[PDB]
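Here you'll find one protein chain in two forms, each presented separately as structure tokens under the names structure 1 and structure 2.
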Structure 1
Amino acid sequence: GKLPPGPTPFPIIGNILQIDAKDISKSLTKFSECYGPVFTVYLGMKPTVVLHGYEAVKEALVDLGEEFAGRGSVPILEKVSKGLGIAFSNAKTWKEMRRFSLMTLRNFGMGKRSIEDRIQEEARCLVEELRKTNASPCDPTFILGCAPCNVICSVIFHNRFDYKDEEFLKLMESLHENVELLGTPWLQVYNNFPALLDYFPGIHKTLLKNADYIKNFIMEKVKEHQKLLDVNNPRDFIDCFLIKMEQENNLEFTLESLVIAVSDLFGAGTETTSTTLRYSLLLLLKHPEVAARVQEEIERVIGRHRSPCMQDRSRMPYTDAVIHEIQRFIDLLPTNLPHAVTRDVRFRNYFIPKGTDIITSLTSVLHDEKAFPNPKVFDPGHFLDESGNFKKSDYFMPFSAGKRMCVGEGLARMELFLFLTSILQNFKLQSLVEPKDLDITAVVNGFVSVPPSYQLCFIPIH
């Protein structure tokens, strides 16, 4: 019996007034200092168990993986998914979509053209459009959003779009707008106070219009794929899904579920990778010696006359340590994505009833002071041994862990490695201000820690 301890909840509104509206993780870490690694908080009337620290997070997500494999409250967004898709689905529907997606999203899961090849083509397109900035000051937000989005287009539709393509920009504008409107760390909130929906219908209204533009953009391509389907040679996510439908026995596979599953991948993989890439460049501007050392490794291992490839990563410990350090340092999703227990569970000396929402503090793992000495300081050394070789850490958990762990983790890491090295191989980064005046403090917008706005010049290396 009994839920974990926690701050005394004021009637109806819960612990809201005790949580920093700008930085919930910071609040969760303060609560943990006086309630321990496992505590409860109220985002309204319903209790939410918070897991803080590597041991608690790992014990639940990994050791008790099935119990914590549920997708917690994610209002509106969960509703547009209609219990289908991957991110907000649960039980059998989730299991089948996730299994299908993992098998399909392998490097060579969709024919002879690997996911790596697709990312390499995009890395070249990214370098080309950066050349078009002609070494003038520019905000990289747009182009850095296009590349990741195009990578997903390539793996889903087997097609990429020009960075000036109307529908594509629209897709990104529809994706962006939708994630912005439906942005908040709590998330559990829209499943609580209905009066707020009417006070601020703006956030909830355009979603049907744009999330439908997304669903419509996708459905349109699906129809095109059905006419060109080759059962012996599927070349993208859609074909593989269409084949799974043709033969089948699976009622979980419909054109409706395909559209939603594709919406999820786009939603989960576009903004995260884009933000990480944008934050990467900022950190390189902030610590130019890091950028210089990565370039030294690029020249020595890859050289100047060929595109970087995944095989290069194992031979580039410094660059790998830098990519790991960027993800750990930026802590993209401070509180992960909301989980929920799939059944009554006795976690340690506490009892957690089925359906209870769970929040895991990834910030507490990624910034553990013992696993990463001086955790608030950017230092690739956190992933380097005394001999300059790459050093793994069980605390490197930016993609989460367990049964719900990021489905596109492999794809994301390839994108970071190939885009960053292709960028540093072809350009020197020049900031308008000195590193000492460069703001690198993140501001959590929705679920994501985004870097402050900045501009830079991409000076071609020749």
Structure 2
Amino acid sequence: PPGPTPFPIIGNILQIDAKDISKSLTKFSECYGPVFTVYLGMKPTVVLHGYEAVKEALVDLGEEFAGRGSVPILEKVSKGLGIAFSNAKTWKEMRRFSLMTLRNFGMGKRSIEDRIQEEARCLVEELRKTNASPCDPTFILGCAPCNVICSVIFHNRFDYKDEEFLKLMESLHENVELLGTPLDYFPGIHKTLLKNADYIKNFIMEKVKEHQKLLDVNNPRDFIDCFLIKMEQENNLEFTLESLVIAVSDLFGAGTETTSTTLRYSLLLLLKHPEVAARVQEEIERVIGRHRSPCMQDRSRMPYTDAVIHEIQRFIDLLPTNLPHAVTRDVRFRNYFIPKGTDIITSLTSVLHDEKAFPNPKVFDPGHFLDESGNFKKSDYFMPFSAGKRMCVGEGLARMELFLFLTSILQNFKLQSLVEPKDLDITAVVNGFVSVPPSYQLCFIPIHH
């Protein structure tokens, strides 16, 4: 028997879930407990809520709870290959290969950090071209992250004004947005995807082809180059010109959106609480010049700044319910039993906002990550990157982008709102998975002695 449940109806249990599913998955947990199941239609999907329930599942029964379960995305000659979504047959392989080559130095001498650093300069510059006038960071803030992945996968980066680039983005974004929350053709919704999916798929392949005309003696300089030089276990293996693309897509897609909506969310919080921004800057001037740009090395000597970036991820809870998971056979979780194929969804919000781990969890306070003896890190219910064997793949470089980008914008800029802090909304709306911040405008005022 599966975990208890909010009694279905026939063709649904959507009976009681809002536009904040995580808000009611917790109403449910308040009864059925840490493990209950609901019916997102006709199929059962058990929910893991306590922190213990989540770690235990995701960490302890690792291979047991390592699935997903979905279909659309695999529509236009889109085989179930790639990194996010799909069968271990291509997962385990395309994942492994991804985790390794996406290591800071998994692509020759030009580390991913150097790459994050280059974009960071470009970000600060173009933020400058803002001439200190009101502005909506939503654009440029999504530019930096798209280019970082552009940089670690093609080796090139694009101009924030470059048509083809803006087009690449137009696509990645519409698709993710037209795909929300965990014979239904509306269906204009479907032809657009195909369109967009197609543009992405091309853009990528165009680079894959030109990337073929030039590589080295194990001197690959980026993802593609690394993949390409994978003619092992005969000509192709799992490596295949099409499986490739699907990965570069999931990397772009998952990699571009999340990071951007966080940087955009970070500034709002710093505008919302400028004392934090001031102390981050104290810390910046104090350990990093006013001159040189930041490098990852600095982070270890900057507890407060790190406490903040940490607190921002915990507080914004970008993915209340992360990506859908699905067990791979049978599993007797606690006194229960879940059958092969069941959909699992883990309430990360529930861990990220645990009140014993992070006192007033609903309060933005870098304190949640500092010790009452000078600033100094801490942490453990810190699972915004999930925690399974399906944990984020970009985690590493994502953590950099945040620290490097953020830190460098605050090194070079004073952030001024257009409305008293006691008057701007920082409440999230939840576009499906992702929690997106409100809309705000701001001026990036240059600093210089």
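For clarity, a rigid core is taken as the largest C-alpha set superposing within 1.5 Å between two forms. Numbers follow structure 1, counted from its first residue as 1.
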*Any idea which of 72, 308, 145, 267 has its C-alpha shifted 2 Å or more between structure 1 and structure 2 with the rigid core fixed?*
72
*For residue 443, is the CA shift between structure 1 and structure 2 at least 2 Å following rigid-core superposition?*
no
_Is the shift of residue 219 between structure 1 and structure 2 large enough to count as movement, that is, does its C-alpha move by 2 Å or more after the core is superposed?_
no
*Aligning on the rigid core, do we see the C-alpha of residue 288 shift 2 angstroms or more between structure 1 and structure 2?*
no
*Could you tell me how many Å the Cα atom of residue 93 shifts between structure 1 and structure 2 when the rigid core is held superposed?*
1.0
*For residue 20, tell me the Cα shift between structure 1 and structure 2 once the rigid core is superposed, in Å to one decimal.*
3.0
*Can you give the C-alpha shift of residue 358 between structure 1 and structure 2 in Å, rounded to one decimal, after superposing the rigid core?*
0.1
